[PDB]
Structure formats: C-alpha cells, structure tokens
Amino acid sequence: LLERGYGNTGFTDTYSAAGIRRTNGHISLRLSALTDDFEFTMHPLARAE
Amino acid sequence: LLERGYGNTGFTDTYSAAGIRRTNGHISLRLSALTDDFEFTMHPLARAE
Amino acid sequence: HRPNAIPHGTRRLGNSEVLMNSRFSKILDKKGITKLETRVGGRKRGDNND
Amino acid sequence: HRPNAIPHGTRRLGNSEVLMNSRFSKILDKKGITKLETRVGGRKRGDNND
Amino acid sequence: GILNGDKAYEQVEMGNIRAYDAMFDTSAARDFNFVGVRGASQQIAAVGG
Amino acid sequence: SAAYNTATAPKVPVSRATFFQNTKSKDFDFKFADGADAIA
Amino acid sequence: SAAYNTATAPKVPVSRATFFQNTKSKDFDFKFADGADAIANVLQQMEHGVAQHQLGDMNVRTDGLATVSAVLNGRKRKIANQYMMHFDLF
C-alpha cells in the first residue's frame, strides 16, 4: 500500500472549488473511462400470465 | 483455412439464449467495432429542373 | 494493412474502409484477429545430403 | 489482465468487466495505473560468505 | 439489413427462456415480424462466428 | 385445443429499429425535381 | 436577523440528472403480468417457465453470507459493472 502526498509539488490544502480545477486530469479523464450510459437489462420481478 | 471447435473448453451445444450469454466478448465487442450510425449521403435519383 | 478487397469493385477502398479494419483488429484480448507465430513446421531436406 | 475480483461474487467477470479495467488503464499520461520498476531494493546475503 | 450498435439487444437476459429470440415480442410491431427476429438473431450470432 | 400449453411471462416488445440500422440521413435531405411528363 | 450576509451571484440550477446516472433502459420495456389475488400470485411465481433471480446471480449455498447479484450494462462503450446484495444465514 502506497500513501499519497504533496511531494515536491507546490500543492497545499485548498478549497473544493479551486482544488477540483487543480485536479484536472485525475478527475475529468478518470471519470470518462469509468462511465457509460448504464442501464438494467435484467429483471428481478417475473411472473407468468 | 482454420476450423472452429470446442478444444479443451467445457463448451457443448447449448441453446441460443444461453449460448449468446456465453459468447460474451466475441459478439458484444466485435459488433461494437463493426457499427456506426450509417447513412446514405449519396443519391441514385437525380433530375434537373 | 489487412488485404480486404472487393472483387469486381468499383472504387478503391479509402481511409474510411481501412479504418473499419483497424477498429476491428484492435478488439480487447485480440478477439478481432487471427494470430500468427514463427515456429518449426517442417523439415527441409539438407543440401548435399539426405 | 488486472486482478480485480469480487469476493463472494456470483458470476465470473466477463469481457465487459475486463473492458472496464482496460479503458481505465489507458488514460492519458498513465493516470489510471500505478507504475512498476525493476531496481535494486535490497541486499541478499551472498551464499557461502557474510 | 445492417445490425445496430445504438441498442444493447444482445445483453437482454431473462430467466428460464431457452431461445434468445423467444425473449422478444413482435406482436405490436407494425414493421417487424416473427421471422425478423429469427433473422436478426442469426446475424447476431454470425458476428461471433 | 388438444395441445397443452405452458405458462410464461410477458416478453420485451421490440420493433425493427431495435435490431436494424436505419440508413437514411437525418441531417441531409436530398431534394427532388418536379415533373409528370414522360418525354420531359 | 442579527447575522450579516454577503452578496452573491445567482447559481447554476441543477437537478439529480445533472450528476447521477439513470439506470433504466429506454429501449427495452419489460412488461408485467396482471393479478390481484395472493394465492394466484404464489402460483404465478412458482411456474417453472419464469425466474425471478437467475441461478448465476445467487450465491445462496454458502456457510453464511448469501449474496444475490445484478449487472449494469453500459450500452455505449459496452463495459459492465456487477452489484451484490448480502444476506445473513447466521
């Protein structure tokens, strides 16, 4: 297990709005690869006529 | 020409519904690469005014 | 490029025809291609001997 | 493939589960992976000496 | 003619239905028939070989 | 009617557009010229 | 009311659909069977021709921790995502 930190970067604890702008590629690019138009093609509620 | 078969896999002749679920990547992934929103930008029926 | 031609075809296959072959060949786990390997597959008769 | 399994899972993870790992690992600038490198990281005691 | 990529008709899964094309109901379709799903399934499966 | 049926659940309604592509452009409408004469 | 406020601009109106995915298929409408009797309901669900949970979606026969699963299929890039639901048998 490896720990995260601000090693040799000028980064400090900013606010959420300024930080998310600063975290450009790690949020925008990661989220694009983790998402589609997900839908449920299965069904848990089946009854015969 | 190479022939297909169930070599060293547990697969046998199943039904279409169970088989298509079993053929996961070879149908879903192949079909995604072979498809766009095709349309005809050509025209066979041209007359002058 | 993959040799995928249309016999008695009218147009030369353009970039949008070989882009279809390129998309199809880059499927996950190489599910769109047939592999090739270089390996001993016979025995040529040695020259000047049996 | 990345070993990403679901403990107490019901189905075996199919091609559409490892396609998610493949998309996520090919981010720009390798932002989706943790790197590995081969380098001196210790000193094994030599055999038959100290 | 050409199959579709805009819809996930290959991921629909229903319990205890043995045929793939028995999952689908074309009674209300005005442009589609009972032989149009059998033909579609034969092209769906041929993609995977 | 002399044949015994088995109970089953309702199925997913599908149309042609579920499986097959419409190969008509919705962006470019090609227009046509008038005329009802055959020599014309 | 004894608290001093600060002026600010109007903000972007957002709803749930701005951030969260709707996991309901707009292409495949699963239909349902009629019935308002409870004894009839037991007979409808017990028909061998239907299944509520598929057998591959049930890890029921375990020494505790029976799970029942579901799969979310992305219809654009064809990636899936498996979800579980844990029951106790202790």
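Let me begin by describing the structure that accompanies this report. (Residues numbered from 1 in each chain as written, not as in the entry; some residues may be left out. Chains lettered and ligands numbered in written order. Part of a larger assembly, values for the part shown. Heavy atoms only, no water.)

### Thoughts on the interface of chain A and chain D
With nine residues of chain A at the contact, the number on the chain D side is nine residues. Together chain A and chain D conceal approximately 750 Å² of surface at their shared face, both sides included; 67% is due to carbon and sulfur atoms. For the pair chain A and chain D, the number of links is zero salt bridges. Where chain A touches chain D, the interface holds one residue pair in polar contact. (Contact = heavy atoms within 4.5 Å. Buried area = accessible area lost by both parts, 1.4 Å probe. Salt bridge = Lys/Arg side-chain N within 4 Å of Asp/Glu carboxyl O. Polar contact = N/O pair within 3.5 Å; in protein donor to acceptor, adjacent residues only side chain to side chain.)

### A look at the sheet that holds strand β4 (residues 80-83) of chain G
Taken in spatial order, the three strands of this open sheet run β1(A)-β3(G)-β4(G), and their pairing is antiparallel. Each of the sheet's edge strands pairs with one partner strand only, and the pair in question is β1 (38-39) of chain A together with β4 of chain G. Relative to β4(G), helix α1 (residues 15-25) of chain D is tilted by about 110°, and along the sheet it contacts β3 (70-74) and β4 of chain G. (Pairing = 2+ DSSP bridges. Helix = DSSP H or I, 4+ residues; strand = E, 2+ residues; numbered from the N terminus. Axes fitted to C-alpha atoms, helices over the stretch in contact; angles between N-to-C directions.)

### A word on the packing of aromatic side chains
This structure, assessed with the given rule, holds six aromatic pairs over all chains. Relative to E:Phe24, the ring of E:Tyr20 has its centre 5.2 Å away and its plane inclined at 80°; by these criteria the two rings are edge-to-face. In terms of burial, E:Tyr20 and E:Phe24 fall into one category: buried. Ring centres of E:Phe32 and F:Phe19 lie 5.9 Å apart, and the angle between their planes is 20°; on these two criteria the pair is classed as stacked. Within this pair, whereas E:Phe32 is found in the loop between β1 (24-25) and α1 (34-48), its partner F:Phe19 is found in helix α1 (residues 16-19), the two belonging to separate chains. Note on accessibility: E:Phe32 and F:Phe19 belong to one class, buried. Chaining the aromatic ring pairs together yields one cluster made of E:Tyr9, E:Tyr20, E:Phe24, E:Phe32, F:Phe19, F:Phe20 and G:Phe28. If you follow B:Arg22 out to its NZ or CZ, it ends over the ring of B:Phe11, 4.3 Å from the centre. (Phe/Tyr/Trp six-rings, centres within 6.5 Å; stacked < 30°, edge-to-face > 60°. Buried < 20%, exposed > 50% of the residue type's maximum accessible area, 1.4 Å probe, protein only. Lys NZ or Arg CZ within 6 Å of the ring centre and 35° of its normal.)

### Remarks on the interface of chain G and chain A
Taken together, the contact between chain G and chain A spans 34 residues of the former and 17 residues of the latter. Summing both sides of the interface, chain G and chain A together bury roughly 2300 Å²; the carbon and sulfur share of this comes to 55%. Across the chain G-chain A interface, the total number found is eleven residue pairs in polar contact. Those elements that provide at least two residues to the side of chain G that touches chain A are α2 (38-45) and β3 of chain G. No other element matches β3(G), which puts five residues into the side of chain G that touches chain A.

### Quick notes on the pairing of β3(G)
When you tally the buried positions in β3(G), you get four out of five residues, the bulk of the element. Across two bridges, β1(A) lies against β3(G) in antiparallel orientation. By the bridge assignment for β3(G), A:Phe38 is matched with G:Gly74. Relative to β4(G), β3(G) runs antiparallel, the two being bridged by four bridges. The residue of β4(G) that forms the bridge with G:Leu72 is G:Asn81. Between the antiparallel neighbours β3(G) and β4(G) lie five residues, among them G:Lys78 with a positive phi of about 65°.

### Overview of the arrangement of the chains
Looking across the 15 pairs of chains in contact, one finds the most contacts between chains A and G. Where chain C comes nearest to chain F, the C-alpha atoms are still 17 Å apart, and the two do not contact one another.

### A few points about the sheet that holds strand β2 (residues 66-68) of chain G
All names here are of chain G. As summarised here, the arrangement of the three strands in space is β1-β2-β5, forming an open sheet in which the pairing is antiparallel. The sheet is open, and its two edges are formed by β1 (58-59) and β5 (86-87), each paired on a single side. In terms of strand pairing, β2 meets β5 through two bridges, oriented antiparallel. Residue pairing across strands places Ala-66 opposite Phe-87, the latter belonging to β5.

### Brief notes about a negative patch on the surface
Together, B:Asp36, B:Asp37, E:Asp6, F:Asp27 and F:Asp29 make up a negatively charged patch on the protein surface. Positionally, B:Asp36 belongs in the segment after α2 (24-33). (Patch = residues over 30% accessible without salt bridge, like charges linked within 9 Å, V, L, I, M, F, W, Y side chains within 5 Å. Areas by Shrake-Rupley, 256 points an atom, 1.4 Å probe, with all protein chains shown as cover. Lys, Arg positive; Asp, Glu negative; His and termini not counted. Charge placed at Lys NZ, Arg CZ, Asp CG, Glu CD.)

### A closer look at a nonpolar patch on the surface
Nonpolar side chains collect at one region of the surface, where B:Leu45, F:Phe28, F:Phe30 and F:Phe32 lie side by side and expose about 460 Å² of accessible area between them. For F:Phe32, the position within the fold is in the segment after α1.

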